[PDB]
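One structure below.
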Amino acid sequence: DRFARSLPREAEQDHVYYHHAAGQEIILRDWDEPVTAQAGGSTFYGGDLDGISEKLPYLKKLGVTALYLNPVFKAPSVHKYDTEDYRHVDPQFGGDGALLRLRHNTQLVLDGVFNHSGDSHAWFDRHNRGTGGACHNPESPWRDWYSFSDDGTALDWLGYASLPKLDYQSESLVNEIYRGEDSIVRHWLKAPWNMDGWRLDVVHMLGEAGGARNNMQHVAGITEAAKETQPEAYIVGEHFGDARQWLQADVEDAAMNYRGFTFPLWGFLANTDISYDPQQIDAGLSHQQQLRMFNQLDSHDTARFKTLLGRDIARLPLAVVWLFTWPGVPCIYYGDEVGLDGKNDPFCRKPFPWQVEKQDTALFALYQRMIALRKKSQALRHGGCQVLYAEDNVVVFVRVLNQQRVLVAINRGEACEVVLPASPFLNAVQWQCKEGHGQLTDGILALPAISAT
C-alpha cells in the first residue's frame with residue numbers, strides 16, 4: 001500500500017464501502033500525511049499497479065531485478081491477510097491483464113495469503129458477498145474447508161475470527177491453492193506471466209496445530225510442484241523460528257530471515273531487537289540456500305531502524321552495507337536506503353516518498369553502488385565466508401572461494417580507531433591495488449580510509 005499510486009479508480013474513496021462494520025467509514029491521508037487514517041476509519045495510500053512498470057526505472061533501472069512482495073488478492077483491508085476472491089488479482093491493484101504484461105514488463109517476485117482465510121471470503125462469506133453461506137449452511141462446495149463448530153470463535157489464526165483456519169489436507173484444499181490447474185500460483189505459473197516464485201505466510205501453524213507432518217508434505221508436495229512447471233520456481237515458508245522445516249533441500253530451497261540478519265545485528269547497528277528491546281553486543285542451512293535465503297529490514301509485525309538508530313544518520317548506511325556482503329537472496333525493506341521511519345504497526349507501514357531520496361542525501365551513491373558492487377562482485381554473492389577482526393568499534397570478515405575477493409572492514413565508533421585489516425591468510429599478492437580510492441595489500445593488512453562510522 002505504501003509503494004505507489006497508479007489509479008484513482010482503484011483508489012477507493014473514503015466511505016466507499018466498509019469491512020466488518022465497523023467497518024466504520026474509510027479515511028484516506030495525503031502523501032507525507034500520517035500512517036494510520038483518522039477515527040471513523042483508516043487507511044489506504046500508495047501501492048497501485050501501472051506505476052511500478054514506470055517505477056522500475058526507480059526500482060529496476062538499474063538496481064533491482066525481481067520484487068519480494070506481500071499477498072496480492074482480495075481483502076478489503078490495506079493488508080489483505082483474509083482472501084476473498086482468489087484467482088484474479090485484487091481490484092485495488094487492478095487485475096491481471098494490465099498486470100499480465102507487467103511480470104513480463106518486469107522481465108519480478110510475490111507472496112501467498114492462503115494460510116489465513118477470509119471470513120468475508122467469496123464462498124463462506126459471513127457478511128455474505130459470496131453466494132455460498134457455510135456460516136449458515138452445511139451443504140455447499142465450500143463448507144468443509146473448515147470442520148464443524150462453525151460458530152462464534154475458536155482456534156484459527158492465533159485465534160482470529162476474521163481470519164478463519166482451514167481444514168487443510170489431501171486430497172482436499174490446495175486444489176485452488178498450489179497443486180492444481182485451478183490453483184492460482186499454478187494458475188499463474190505460465191505464459192504470458194509465468195511466476196518467478198511465491199511465498200508462505202506463518203504456515204508454521206498450518207495444518208491442524210502446526211509443526212506436524214501436515215505443515216510440510218503440504219509443502220514437500222509443492223516442491224515437486226515447484227519442480228513441475230519451472231525449474232526457476234523458488235520458495236519460502238514463514239516461521240519466525242529457526243529454519244529446519246524451513247529447508248532440507250527436501251523441505252525448501254529458501255526461507256525468510258529475522259534470525260538471519262534482521263534480529264541478530266541491530267544490537268550492533270540499530271542496537272537492539274526488531275521488537276525494539278535493546279541489545280548490547282561487542283566482539284545450519286545447506287550450501288545452496290545460504291546465498292538463497294531472504295534478506296530485508298523491517299516489517300508489519302515489528303518496529304523500524306531509525307527508532308533504533310542512535311537518531312544517527314551514520315548508523316544505517318553502515319547497517320545497509322551489511323546487507324550487501326551478506327548472502328541469501330535479499331529482499332530489502334524499502335526506505336532501506338533513504339532514511340525513513342515507521343512507528344509501530346500499522347504506523348510502521350509508511351508511504352514511499354520522493355524528496356529525501358537525492359544522493360546529496362548520501363544514501364544515494366551508497367546503497368546504489370553498494371548493491372551495484374554486489375553485482376560487479378559475486379564475492380558478496382556465492383563466496384565462502386570468513387570472519388576477521390574482533391574489535392570494539394571494528395569488525396572484519398571475508399567471503400572466500402576460488403575466483404575473486406572482497407573482505408569487508410567497518411568502523412563502529414563516533415570517531416575512528418585505525419584498524420589494519422590484513423589479507424595475508426588471504427594468500428594473494430601484496431603491495432597490490434584493490435579497487436577503491438584506494439589501497440595496497442602492502443604490510444598484509446589494509447591501510448585505507450573511511451569516515452568515523
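Here's how to read the names in the C-alpha cells: chain A, B, ... by the order shown, residue numbers from 1 in each chain, ligand numbers from 1 in the order shown.
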Distance query segment 167-173 of chain A at most 10 Å, only C-alpha atoms, self and fewer than 4 positions along chain excluded, as a PyMOL selection string: chain A and resi 115+142-148+177-180+183+206-208+214-215+217-218
Those in segment 186-419 of chain A with strand (DSSP E) from DSSP, as a PyMOL selection string: chain A and resi 294-295+329-330+386-391+394-399+406-407
Residues just named, written with C-alpha atoms as an mmCIF file, in the first residue's frame:
```cif
data_model
loop_
_atom_site.group_PDB
_atom_site.id
_atom_site.type_symbol
_atom_site.label_atom_id
_atom_site.label_comp_id
_atom_site.auth_asym_id
_atom_site.auth_seq_id
_atom_site.Cartn_x
_atom_site.Cartn_y
_atom_site.Cartn_z
ATOM 1 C CA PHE A 294 15.620 -13.938 2.004
ATOM 2 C CA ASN A 295 17.042 -10.795 3.433
ATOM 3 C CA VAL A 329 18.536 -13.580 -1.574
ATOM 4 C CA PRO A 330 17.982 -10.156 -0.029
ATOM 5 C CA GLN A 386 35.402 -15.981 6.802
ATOM 6 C CA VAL A 387 35.110 -13.690 9.833
ATOM 7 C CA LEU A 388 38.040 -11.422 10.708
ATOM 8 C CA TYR A 389 38.794 -8.755 13.385
ATOM 9 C CA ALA A 390 37.307 -8.806 16.803
ATOM 10 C CA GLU A 391 37.367 -5.237 17.930
ATOM 11 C CA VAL A 394 35.577 -2.664 14.455
ATOM 12 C CA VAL A 395 34.509 -5.758 12.531
ATOM 13 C CA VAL A 396 36.106 -7.671 9.698
ATOM 14 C CA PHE A 397 35.383 -10.758 7.588
ATOM 15 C CA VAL A 398 35.536 -12.175 4.044
ATOM 16 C CA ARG A 399 33.777 -14.363 1.514
ATOM 17 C CA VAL A 406 36.256 -8.962 -1.071
ATOM 18 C CA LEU A 407 36.993 -8.543 2.563
#
```
Neighbour list for residue 93 of chain A as a PDB file with N, CA and C atoms, in the first residue's frame, cut-off 7 Å, only C-alpha atoms, skip fewer than 2 positions in-chain:
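File written: part-v7.pdb
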```
ATOM      1  N   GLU A  10      -9.135   2.646  -8.842  1.00  0.00           N
ATOM      2  CA  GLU A  10      -8.798   1.580  -7.927  1.00  0.00           C
ATOM      3  C   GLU A  10      -8.432   2.191  -6.612  1.00  0.00           C
ATOM      4  N   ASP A  48      -0.435   1.017  -6.048  1.00  0.00           N
ATOM      5  CA  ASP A  48      -1.324   0.600  -7.162  1.00  0.00           C
ATOM      6  C   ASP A  48      -0.433   0.016  -8.293  1.00  0.00           C
ATOM      7  N   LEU A  49      -1.024  -0.267  -9.467  1.00  0.00           N
ATOM      8  CA  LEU A  49      -0.472  -1.204 -10.472  1.00  0.00           C
ATOM      9  C   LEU A  49       0.387  -0.680 -11.663  1.00  0.00           C
ATOM     10  N   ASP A  90      -6.357  -8.856  -7.005  1.00  0.00           N
ATOM     11  CA  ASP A  90      -7.148  -7.918  -6.257  1.00  0.00           C
ATOM     12  C   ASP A  90      -7.366  -6.539  -6.915  1.00  0.00           C
ATOM     13  N   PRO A  91      -8.636  -6.135  -7.042  1.00  0.00           N
ATOM     14  CA  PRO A  91      -9.108  -4.927  -7.703  1.00  0.00           C
ATOM     15  C   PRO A  91      -8.346  -3.661  -7.386  1.00  0.00           C
ATOM     16  N   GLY A  95      -6.243  -5.720 -11.867  1.00  0.00           N
ATOM     17  CA  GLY A  95      -6.483  -7.114 -12.216  1.00  0.00           C
ATOM     18  C   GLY A  95      -5.189  -7.801 -12.612  1.00  0.00           C
TER      19      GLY A  95
END
```
Can you tell me which residues surround residue 333 of chain A at a distance of at most 8 Å, considering only C-alpha atoms, apart from same-chain residues fewer than 4 positions away, and format the answer as an mmCIF file with N, CA and C atoms, in the first residue's frame?
```cif
data_model
loop_
_atom_site.group_PDB
_atom_site.id
_atom_site.type_symbol
_atom_site.label_atom_id
_atom_site.label_comp_id
_atom_site.auth_asym_id
_atom_site.auth_seq_id
_atom_site.Cartn_x
_atom_site.Cartn_y
_atom_site.Cartn_z
ATOM 1 N N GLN A 296 16.201 -8.596 4.240
ATOM 2 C CA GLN A 296 15.386 -7.351 4.208
ATOM 3 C C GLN A 296 15.599 -6.567 5.527
ATOM 4 N N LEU A 297 14.725 -5.596 5.817
ATOM 5 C CA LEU A 297 14.899 -4.767 7.003
ATOM 6 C C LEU A 297 13.903 -4.830 8.150
ATOM 7 N N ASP A 298 12.781 -4.137 7.931
ATOM 8 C CA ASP A 298 11.723 -4.058 8.921
ATOM 9 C C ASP A 298 10.521 -4.806 8.345
ATOM 10 N N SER A 299 9.394 -4.834 9.078
ATOM 11 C CA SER A 299 8.139 -5.497 8.627
ATOM 12 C C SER A 299 6.856 -4.909 9.246
#
```
Spatial neighbours of segment 345-348 of chain A, 7 Å, only C-alpha atoms, chain gap at least 2 places, as a PyMOL selection string: chain A and resi 35-36+300-304+342-343+350
With N, CA and C atoms retained, export the selected residues as a short mmCIF file (atom, residue, chain, number, x, y, z; two decimals), in the first residue's frame.
```cif
data_model
loop_
_atom_site.label_atom_id
_atom_site.label_comp_id
_atom_site.auth_asym_id
_atom_site.auth_seq_id
_atom_site.Cartn_x
_atom_site.Cartn_y
_atom_site.Cartn_z
N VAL A 35 0.27 7.87 9.19
CA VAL A 35 0.28 6.47 8.74
C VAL A 35 -0.99 5.64 8.89
N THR A 36 -1.69 5.81 10.00
CA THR A 36 -2.98 5.15 10.18
C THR A 36 -4.09 6.21 10.11
N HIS A 300 5.71 -5.53 8.93
CA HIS A 300 4.43 -5.14 9.54
C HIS A 300 4.03 -6.05 10.67
N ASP A 301 5.05 -6.65 11.29
CA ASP A 301 4.91 -7.30 12.58
C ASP A 301 5.81 -6.64 13.65
N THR A 302 6.62 -5.65 13.24
CA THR A 302 7.60 -5.04 14.13
C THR A 302 7.96 -3.55 13.86
N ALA A 303 8.80 -2.97 14.73
CA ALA A 303 9.32 -1.58 14.63
C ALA A 303 10.34 -1.38 13.49
N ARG A 304 10.87 -0.16 13.39
CA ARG A 304 11.75 0.27 12.29
C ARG A 304 13.10 0.84 12.76
N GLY A 342 8.77 4.60 10.53
CA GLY A 342 7.64 3.67 10.58
C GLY A 342 7.39 3.21 12.00
N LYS A 343 6.48 3.91 12.68
CA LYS A 343 6.39 3.91 14.14
C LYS A 343 6.23 2.62 14.94
N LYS A 350 4.45 2.71 6.17
CA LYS A 350 4.72 4.12 5.89
C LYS A 350 5.05 4.48 4.41
#
```
Selection: 8 Å around residue 135 of chain A, only C-alpha atoms, excl. self and same-chain fewer than 4 positions, as a PyMOL selection string: chain A and resi 124-126+150-151
Writing out the chosen residues with N, CA and C atoms as a compact mmCIF listing (two decimals), in the first residue's frame:
```
# COMPACT_ATOMS: atom_id res chain seq x y z
N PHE A 124 -17.73 -18.68 1.75
CA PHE A 124 -18.22 -18.98 3.10
C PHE A 124 -18.80 -17.80 3.86
N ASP A 125 -18.17 -16.66 3.59
CA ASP A 125 -18.69 -15.31 3.46
C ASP A 125 -19.70 -14.84 4.48
N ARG A 126 -19.34 -14.88 5.76
CA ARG A 126 -20.11 -14.13 6.75
C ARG A 126 -20.00 -12.68 6.29
N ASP A 150 -18.10 -23.93 13.74
CA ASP A 150 -18.79 -23.18 12.75
C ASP A 150 -19.62 -22.10 13.35
N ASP A 151 -19.14 -21.63 14.50
CA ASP A 151 -19.81 -20.68 15.37
C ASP A 151 -18.79 -19.61 15.76
```
Near-residue 254 of chain A list (10 Å; only C-alpha atoms; drop same-chain fewer than 6 positions) as a PyMOL selection string: chain A and resi 199+234-237+243+246-248+285-286+288-294+328-329
Next, the residues of the selection above should be written as an mmCIF file, in the first residue's frame with N, CA, C and O atoms.
```cif
data_model
loop_
_atom_site.group_PDB
_atom_site.id
_atom_site.type_symbol
_atom_site.label_atom_id
_atom_site.label_comp_id
_atom_site.auth_asym_id
_atom_site.auth_seq_id
_atom_site.Cartn_x
_atom_site.Cartn_y
_atom_site.Cartn_z
ATOM 1 N N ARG A 199 5.437 -17.118 -1.970
ATOM 2 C CA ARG A 199 5.826 -17.053 -0.533
ATOM 3 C C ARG A 199 4.814 -17.517 0.496
ATOM 4 O O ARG A 199 3.612 -17.287 0.336
ATOM 5 N N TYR A 234 11.018 -20.892 -6.936
ATOM 6 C CA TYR A 234 11.838 -20.619 -5.751
ATOM 7 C C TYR A 234 10.927 -20.267 -4.584
ATOM 8 O O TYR A 234 9.993 -19.460 -4.731
ATOM 9 N N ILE A 235 11.191 -20.870 -3.426
ATOM 10 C CA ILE A 235 10.183 -20.903 -2.371
ATOM 11 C C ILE A 235 10.643 -20.516 -0.960
ATOM 12 O O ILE A 235 11.826 -20.621 -0.612
ATOM 13 N N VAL A 236 9.656 -20.075 -0.174
ATOM 14 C CA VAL A 236 9.799 -19.627 1.209
ATOM 15 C C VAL A 236 8.641 -20.193 2.019
ATOM 16 O O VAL A 236 7.655 -20.644 1.454
ATOM 17 N N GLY A 237 8.744 -20.133 3.341
ATOM 18 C CA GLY A 237 7.653 -20.570 4.205
ATOM 19 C C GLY A 237 7.758 -19.956 5.578
ATOM 20 O O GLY A 237 8.610 -20.361 6.376
ATOM 21 N N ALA A 243 15.116 -21.927 11.021
ATOM 22 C CA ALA A 243 14.803 -22.752 9.862
ATOM 23 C C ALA A 243 15.265 -24.206 9.858
ATOM 24 O O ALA A 243 16.350 -24.528 10.341
ATOM 25 N N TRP A 246 12.124 -25.279 7.482
ATOM 26 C CA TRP A 246 12.402 -24.147 6.615
ATOM 27 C C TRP A 246 13.113 -24.690 5.349
ATOM 28 O O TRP A 246 12.895 -24.168 4.249
ATOM 29 N N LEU A 247 13.939 -25.736 5.514
ATOM 30 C CA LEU A 247 14.638 -26.420 4.403
ATOM 31 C C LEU A 247 15.450 -27.644 4.824
ATOM 32 O O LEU A 247 15.903 -27.766 5.979
ATOM 33 N N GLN A 248 15.611 -28.531 3.839
ATOM 34 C CA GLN A 248 16.338 -29.800 3.908
ATOM 35 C C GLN A 248 16.789 -30.109 2.485
ATOM 36 O O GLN A 248 17.362 -31.163 2.228
ATOM 37 N N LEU A 285 21.975 -24.142 7.685
ATOM 38 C CA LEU A 285 21.164 -24.477 6.475
ATOM 39 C C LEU A 285 21.954 -24.572 5.158
ATOM 40 O O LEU A 285 22.830 -23.751 4.874
ATOM 41 N N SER A 286 21.620 -25.574 4.349
ATOM 42 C CA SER A 286 22.543 -26.070 3.338
ATOM 43 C C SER A 286 23.051 -25.078 2.304
ATOM 44 O O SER A 286 22.403 -24.070 1.973
ATOM 45 N N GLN A 288 23.396 -24.314 -0.801
ATOM 46 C CA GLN A 288 22.659 -23.550 -1.804
ATOM 47 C C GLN A 288 21.882 -22.391 -1.152
ATOM 48 O O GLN A 288 22.148 -21.222 -1.450
ATOM 49 N N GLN A 289 20.919 -22.721 -0.297
ATOM 50 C CA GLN A 289 20.026 -21.723 0.292
ATOM 51 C C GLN A 289 20.757 -20.572 0.984
ATOM 52 O O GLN A 289 20.212 -19.482 1.129
ATOM 53 N N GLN A 290 21.989 -20.825 1.408
ATOM 54 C CA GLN A 290 22.779 -19.838 2.142
ATOM 55 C C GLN A 290 22.849 -18.507 1.420
ATOM 56 O O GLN A 290 22.744 -17.446 2.013
ATOM 57 N N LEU A 291 23.005 -18.599 0.110
ATOM 58 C CA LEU A 291 23.157 -17.467 -0.761
ATOM 59 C C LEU A 291 21.797 -17.364 -1.377
ATOM 60 O O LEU A 291 21.604 -16.698 -2.377
ATOM 61 N N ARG A 292 20.835 -18.026 -0.751
ATOM 62 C CA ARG A 292 19.487 -18.095 -1.304
ATOM 63 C C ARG A 292 18.395 -17.548 -0.388
ATOM 64 O O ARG A 292 17.317 -17.158 -0.847
ATOM 65 N N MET A 293 18.672 -17.492 0.901
ATOM 66 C CA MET A 293 17.666 -17.092 1.843
ATOM 67 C C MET A 293 17.363 -15.629 1.972
ATOM 68 O O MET A 293 18.250 -14.806 1.896
ATOM 69 N N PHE A 294 16.099 -15.300 2.172
ATOM 70 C CA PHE A 294 15.620 -13.938 2.004
ATOM 71 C C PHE A 294 16.125 -12.999 3.042
ATOM 72 O O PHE A 294 16.134 -13.312 4.231
ATOM 73 N N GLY A 328 22.228 -15.159 0.921
ATOM 74 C CA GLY A 328 20.793 -15.346 0.847
ATOM 75 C C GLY A 328 20.342 -14.553 -0.349
ATOM 76 O O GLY A 328 21.161 -14.025 -1.084
ATOM 77 N N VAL A 329 19.043 -14.464 -0.556
ATOM 78 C CA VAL A 329 18.536 -13.580 -1.574
ATOM 79 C C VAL A 329 17.785 -12.444 -0.907
ATOM 80 O O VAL A 329 16.583 -12.561 -0.603
#
```
Proximity to residue 255 of chain A - best of A:373, A:400, A:408, A:200, only C-alpha atoms: A:200
